[PDB]
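Chemist: Handing over upload-v8.pdb, PDB, C-alpha atoms.
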ATOM      1  CA  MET E   1      52.704  28.360  41.094  1.00  0.00           C
ATOM      2  CA  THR E   2      51.428  27.174  37.716  1.00  0.00           C
ATOM      3  CA  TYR E   3      54.967  27.281  36.332  1.00  0.00           C
ATOM      4  CA  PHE E   4      55.282  23.756  37.724  1.00  0.00           C
ATOM      5  CA  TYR E   5      52.950  22.464  35.019  1.00  0.00           C
ATOM      6  CA  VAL E   6      54.751  24.606  32.454  1.00  0.00           C
ATOM      7  CA  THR E   7      57.946  22.841  33.506  1.00  0.00           C
ATOM      8  CA  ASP E   8      56.317  19.433  33.063  1.00  0.00           C
ATOM      9  CA  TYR E   9      56.387  20.016  29.323  1.00  0.00           C
ATOM     10  CA  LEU E  10      60.173  20.314  29.478  1.00  0.00           C
ATOM     11  CA  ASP E  11      60.693  17.245  31.658  1.00  0.00           C
ATOM     12  CA  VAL E  12      60.263  13.616  30.632  1.00  0.00           C
ATOM     13  CA  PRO E  13      60.384  11.347  33.721  1.00  0.00           C
ATOM     14  CA  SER E  14      61.449   7.711  33.395  1.00  0.00           C
ATOM     15  CA  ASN E  15      57.722   7.097  33.084  1.00  0.00           C
ATOM     16  CA  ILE E  16      58.247   7.732  29.379  1.00  0.00           C
ATOM     17  CA  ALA E  17      60.908   5.054  29.386  1.00  0.00           C
ATOM     18  CA  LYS E  18      58.388   2.512  30.642  1.00  0.00           C
ATOM     19  CA  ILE E  19      55.662   3.858  28.423  1.00  0.00           C
ATOM     20  CA  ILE E  20      58.144   3.826  25.561  1.00  0.00           C
ATOM     21  CA  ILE E  21      59.457   0.269  25.869  1.00  0.00           C
ATOM     22  CA  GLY E  22      56.466  -1.142  27.747  1.00  0.00           C
ATOM     23  CA  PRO E  23      54.337  -0.962  24.566  1.00  0.00           C
ATOM     24  CA  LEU E  24      56.988  -3.063  22.849  1.00  0.00           C
ATOM     25  CA  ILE E  25      57.188  -5.617  25.628  1.00  0.00           C
ATOM     26  CA  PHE E  26      53.580  -6.285  24.664  1.00  0.00           C
ATOM     27  CA  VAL E  27      54.519  -6.868  21.030  1.00  0.00           C
ATOM     28  CA  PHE E  28      57.333  -9.171  22.133  1.00  0.00           C
ATOM     29  CA  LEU E  29      54.907 -11.240  24.195  1.00  0.00           C
ATOM     30  CA  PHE E  30      52.645 -11.577  21.167  1.00  0.00           C
ATOM     31  CA  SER E  31      55.535 -12.719  18.985  1.00  0.00           C
ATOM     32  CA  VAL E  32      56.685 -15.154  21.657  1.00  0.00           C
ATOM     33  CA  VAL E  33      53.248 -16.778  21.680  1.00  0.00           C
ATOM     34  CA  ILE E  34      53.081 -17.096  17.896  1.00  0.00           C
ATOM     35  CA  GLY E  35      56.536 -18.637  18.120  1.00  0.00           C
ATOM     36  CA  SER E  36      55.832 -21.544  20.432  1.00  0.00           C
ATOM     37  CA  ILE E  37      52.489 -21.761  18.693  1.00  0.00           C
ATOM     38  CA  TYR E  38      54.103 -21.925  15.261  1.00  0.00           C
ATOM     39  CA  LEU E  39      55.432 -25.340  16.281  1.00  0.00           C
ATOM     40  CA  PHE E  40      51.897 -26.731  16.223  1.00  0.00           C
ATOM     41  CA  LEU E  41      51.508 -24.952  12.887  1.00  0.00           C
ATOM     42  CA  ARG E  42      53.884 -27.539  11.469  1.00  0.00           C
ATOM     43  CA  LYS E  43      51.868 -30.463  12.823  1.00  0.00           C
ATOM     44  CA  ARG E  44      49.756 -30.232   9.670  1.00  0.00           C
ATOM     45  CA  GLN E  45      51.053 -30.332   6.098  1.00  0.00           C
ATOM     46  CA  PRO E  46      49.485 -28.010   3.480  1.00  0.00           C
ATOM     47  CA  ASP E  47      46.981 -30.518   2.111  1.00  0.00           C
ATOM     48  CA  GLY E  48      46.022 -27.776  -0.314  1.00  0.00           C
ATOM     49  CA  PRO E  49      44.588 -28.515  -3.793  1.00  0.00           C
ATOM     50  CA  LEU E  50      46.255 -31.772  -4.829  1.00  0.00           C
ATOM     51  CA  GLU E  51      49.549 -32.841  -3.261  1.00  0.00           C
ATOM     52  CA  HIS E  52      52.451 -34.026  -5.410  1.00  0.00           C
ATOM     53  CA  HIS E  53      53.743 -30.695  -6.708  1.00  0.00           C
ATOM     54  CA  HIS E  54      57.099 -32.234  -5.802  1.00  0.00           C
ATOM     55  CA  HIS E  55      59.863 -34.306  -7.387  1.00  0.00           C
ATOM     56  CA  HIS E  56      61.224 -36.950  -5.019  1.00  0.00           C
ATOM     57  CA  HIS E  57      58.538 -39.613  -4.636  1.00  0.00           C
TER      58      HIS E  57
END
As structure tokens, please, write out the structure in this file.
Modeler:
Amino acid sequence: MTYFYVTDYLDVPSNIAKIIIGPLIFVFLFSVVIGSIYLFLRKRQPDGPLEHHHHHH
């Protein structure tokens, strides 16, 4: 009755569909955080070496 296992190699349950997209859902959650977080990333201008480097005033 080992054939069962041998047949498991020729069958991909929906579990692969959750293990396939699931991993991405994680990446999407990471991007979503950096997104709302990015907002605060604009609450500080690049006071790098000397300012100016512009034209208008």
Chemist: Would you compute the distance between CA of residue 23 in chain E and CA of residue 37 in chain E? Give it in Å to one decimal.
Modeler: 21.7 Å
Chemist: As an exercise, work out the distance from CA of residue 12 in chain E to CA of residue 31 in chain E in Å and give it to one decimal place.
Modeler: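 Going from CA of residue 12 in chain E over to CA of residue 31 in chain E covers 29.2 Å.
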Chemist: Calculate how many Å separate CA of residue 5 in chain E from CA of residue 18 in chain E, rounding to one decimal.
Modeler: 21.1 Å
Chemist: Restore N, CA and C atoms in range 19-50 of chain E and list the result as a PDB file, keeping the file's coordinate frame.
Modeler:
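After the write, result23.pdb holds the following:
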ATOM      1  N   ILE E  19      56.769   3.701  29.347  1.00  0.00           N
ATOM      2  CA  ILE E  19      55.662   3.858  28.423  1.00  0.00           C
ATOM      3  C   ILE E  19      56.190   3.761  27.004  1.00  0.00           C
ATOM      4  N   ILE E  20      57.506   3.899  26.875  1.00  0.00           N
ATOM      5  CA  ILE E  20      58.144   3.826  25.561  1.00  0.00           C
ATOM      6  C   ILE E  20      58.469   2.381  25.193  1.00  0.00           C
ATOM      7  N   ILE E  21      59.092   1.660  26.118  1.00  0.00           N
ATOM      8  CA  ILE E  21      59.457   0.269  25.869  1.00  0.00           C
ATOM      9  C   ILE E  21      58.311  -0.667  26.239  1.00  0.00           C
ATOM     10  N   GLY E  22      57.585  -0.320  27.297  1.00  0.00           N
ATOM     11  CA  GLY E  22      56.466  -1.142  27.747  1.00  0.00           C
ATOM     12  C   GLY E  22      55.605  -1.590  26.570  1.00  0.00           C
ATOM     13  N   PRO E  23      55.187  -0.663  25.753  1.00  0.00           N
ATOM     14  CA  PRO E  23      54.337  -0.962  24.566  1.00  0.00           C
ATOM     15  C   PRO E  23      54.961  -2.031  23.677  1.00  0.00           C
ATOM     16  N   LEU E  24      56.288  -2.077  23.660  1.00  0.00           N
ATOM     17  CA  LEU E  24      56.988  -3.063  22.849  1.00  0.00           C
ATOM     18  C   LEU E  24      56.993  -4.410  23.550  1.00  0.00           C
ATOM     19  N   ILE E  25      57.195  -4.387  24.858  1.00  0.00           N
ATOM     20  CA  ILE E  25      57.188  -5.617  25.628  1.00  0.00           C
ATOM     21  C   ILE E  25      55.926  -6.399  25.292  1.00  0.00           C
ATOM     22  N   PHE E  26      54.854  -5.663  25.010  1.00  0.00           N
ATOM     23  CA  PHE E  26      53.580  -6.285  24.664  1.00  0.00           C
ATOM     24  C   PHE E  26      53.675  -6.969  23.305  1.00  0.00           C
ATOM     25  N   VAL E  27      54.354  -6.315  22.368  1.00  0.00           N
ATOM     26  CA  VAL E  27      54.519  -6.868  21.030  1.00  0.00           C
ATOM     27  C   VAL E  27      55.436  -8.086  21.071  1.00  0.00           C
ATOM     28  N   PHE E  28      56.394  -8.064  21.992  1.00  0.00           N
ATOM     29  CA  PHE E  28      57.333  -9.171  22.133  1.00  0.00           C
ATOM     30  C   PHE E  28      56.625 -10.393  22.704  1.00  0.00           C
ATOM     31  N   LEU E  29      55.662 -10.152  23.587  1.00  0.00           N
ATOM     32  CA  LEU E  29      54.907 -11.240  24.195  1.00  0.00           C
ATOM     33  C   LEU E  29      54.003 -11.887  23.155  1.00  0.00           C
ATOM     34  N   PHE E  30      53.513 -11.075  22.224  1.00  0.00           N
ATOM     35  CA  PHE E  30      52.645 -11.577  21.167  1.00  0.00           C
ATOM     36  C   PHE E  30      53.451 -12.436  20.201  1.00  0.00           C
ATOM     37  N   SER E  31      54.662 -11.985  19.893  1.00  0.00           N
ATOM     38  CA  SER E  31      55.535 -12.719  18.985  1.00  0.00           C
ATOM     39  C   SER E  31      55.992 -14.025  19.622  1.00  0.00           C
ATOM     40  N   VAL E  32      56.237 -13.976  20.923  1.00  0.00           N
ATOM     41  CA  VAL E  32      56.685 -15.154  21.657  1.00  0.00           C
ATOM     42  C   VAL E  32      55.615 -16.241  21.631  1.00  0.00           C
ATOM     43  N   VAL E  33      54.353 -15.828  21.698  1.00  0.00           N
ATOM     44  CA  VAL E  33      53.248 -16.778  21.680  1.00  0.00           C
ATOM     45  C   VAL E  33      53.122 -17.423  20.304  1.00  0.00           C
ATOM     46  N   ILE E  34      53.184 -16.598  19.264  1.00  0.00           N
ATOM     47  CA  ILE E  34      53.081 -17.096  17.896  1.00  0.00           C
ATOM     48  C   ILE E  34      54.264 -17.994  17.564  1.00  0.00           C
ATOM     49  N   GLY E  35      55.330 -17.848  18.335  1.00  0.00           N
ATOM     50  CA  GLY E  35      56.536 -18.637  18.120  1.00  0.00           C
ATOM     51  C   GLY E  35      56.366 -20.069  18.597  1.00  0.00           C
ATOM     52  N   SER E  36      56.030 -20.222  19.870  1.00  0.00           N
ATOM     53  CA  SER E  36      55.832 -21.544  20.432  1.00  0.00           C
ATOM     54  C   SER E  36      54.607 -22.169  19.795  1.00  0.00           C
ATOM     55  N   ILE E  37      53.712 -21.304  19.342  1.00  0.00           N
ATOM     56  CA  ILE E  37      52.489 -21.761  18.693  1.00  0.00           C
ATOM     57  C   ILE E  37      52.805 -22.261  17.289  1.00  0.00           C
ATOM     58  N   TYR E  38      53.708 -21.554  16.615  1.00  0.00           N
ATOM     59  CA  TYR E  38      54.103 -21.925  15.261  1.00  0.00           C
ATOM     60  C   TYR E  38      54.433 -23.414  15.189  1.00  0.00           C
ATOM     61  N   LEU E  39      55.067 -23.928  16.240  1.00  0.00           N
ATOM     62  CA  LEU E  39      55.432 -25.340  16.281  1.00  0.00           C
ATOM     63  C   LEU E  39      54.243 -26.209  15.884  1.00  0.00           C
ATOM     64  N   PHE E  40      53.103 -25.966  16.519  1.00  0.00           N
ATOM     65  CA  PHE E  40      51.897 -26.731  16.223  1.00  0.00           C
ATOM     66  C   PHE E  40      51.423 -26.446  14.800  1.00  0.00           C
ATOM     67  N   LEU E  41      51.887 -25.334  14.242  1.00  0.00           N
ATOM     68  CA  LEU E  41      51.508 -24.952  12.887  1.00  0.00           C
ATOM     69  C   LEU E  41      52.181 -25.860  11.867  1.00  0.00           C
ATOM     70  N   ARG E  42      53.152 -26.622  12.335  1.00  0.00           N
ATOM     71  CA  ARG E  42      53.884 -27.539  11.469  1.00  0.00           C
ATOM     72  C   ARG E  42      53.368 -28.965  11.637  1.00  0.00           C
ATOM     73  N   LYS E  43      52.437 -29.145  12.569  1.00  0.00           N
ATOM     74  CA  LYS E  43      51.868 -30.463  12.823  1.00  0.00           C
ATOM     75  C   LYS E  43      50.809 -30.807  11.781  1.00  0.00           C
ATOM     76  N   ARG E  44      50.732 -29.998  10.729  1.00  0.00           N
ATOM     77  CA  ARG E  44      49.756 -30.232   9.670  1.00  0.00           C
ATOM     78  C   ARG E  44      50.292 -29.745   8.328  1.00  0.00           C
ATOM     79  N   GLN E  45      50.540 -30.681   7.418  1.00  0.00           N
ATOM     80  CA  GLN E  45      51.053 -30.332   6.098  1.00  0.00           C
ATOM     81  C   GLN E  45      49.990 -29.588   5.295  1.00  0.00           C
ATOM     82  N   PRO E  46      50.410 -28.799   4.342  1.00  0.00           N
ATOM     83  CA  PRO E  46      49.485 -28.010   3.480  1.00  0.00           C
ATOM     84  C   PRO E  46      48.743 -28.890   2.476  1.00  0.00           C
ATOM     85  N   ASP E  47      47.758 -29.636   2.965  1.00  0.00           N
ATOM     86  CA  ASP E  47      46.981 -30.518   2.111  1.00  0.00           C
ATOM     87  C   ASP E  47      46.134 -29.718   1.135  1.00  0.00           C
ATOM     88  N   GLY E  48      46.714 -28.642   0.635  1.00  0.00           N
ATOM     89  CA  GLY E  48      46.022 -27.776  -0.314  1.00  0.00           C
ATOM     90  C   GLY E  48      45.574 -28.561  -1.543  1.00  0.00           C
ATOM     91  N   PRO E  49      45.066 -27.878  -2.532  1.00  0.00           N
ATOM     92  CA  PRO E  49      44.588 -28.515  -3.793  1.00  0.00           C
ATOM     93  C   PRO E  49      45.623 -29.470  -4.382  1.00  0.00           C
ATOM     94  N   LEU E  50      45.341 -30.766  -4.300  1.00  0.00           N
ATOM     95  CA  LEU E  50      46.255 -31.772  -4.829  1.00  0.00           C
ATOM     96  C   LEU E  50      47.617 -31.667  -4.150  1.00  0.00           C
TER      97      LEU E  50
END
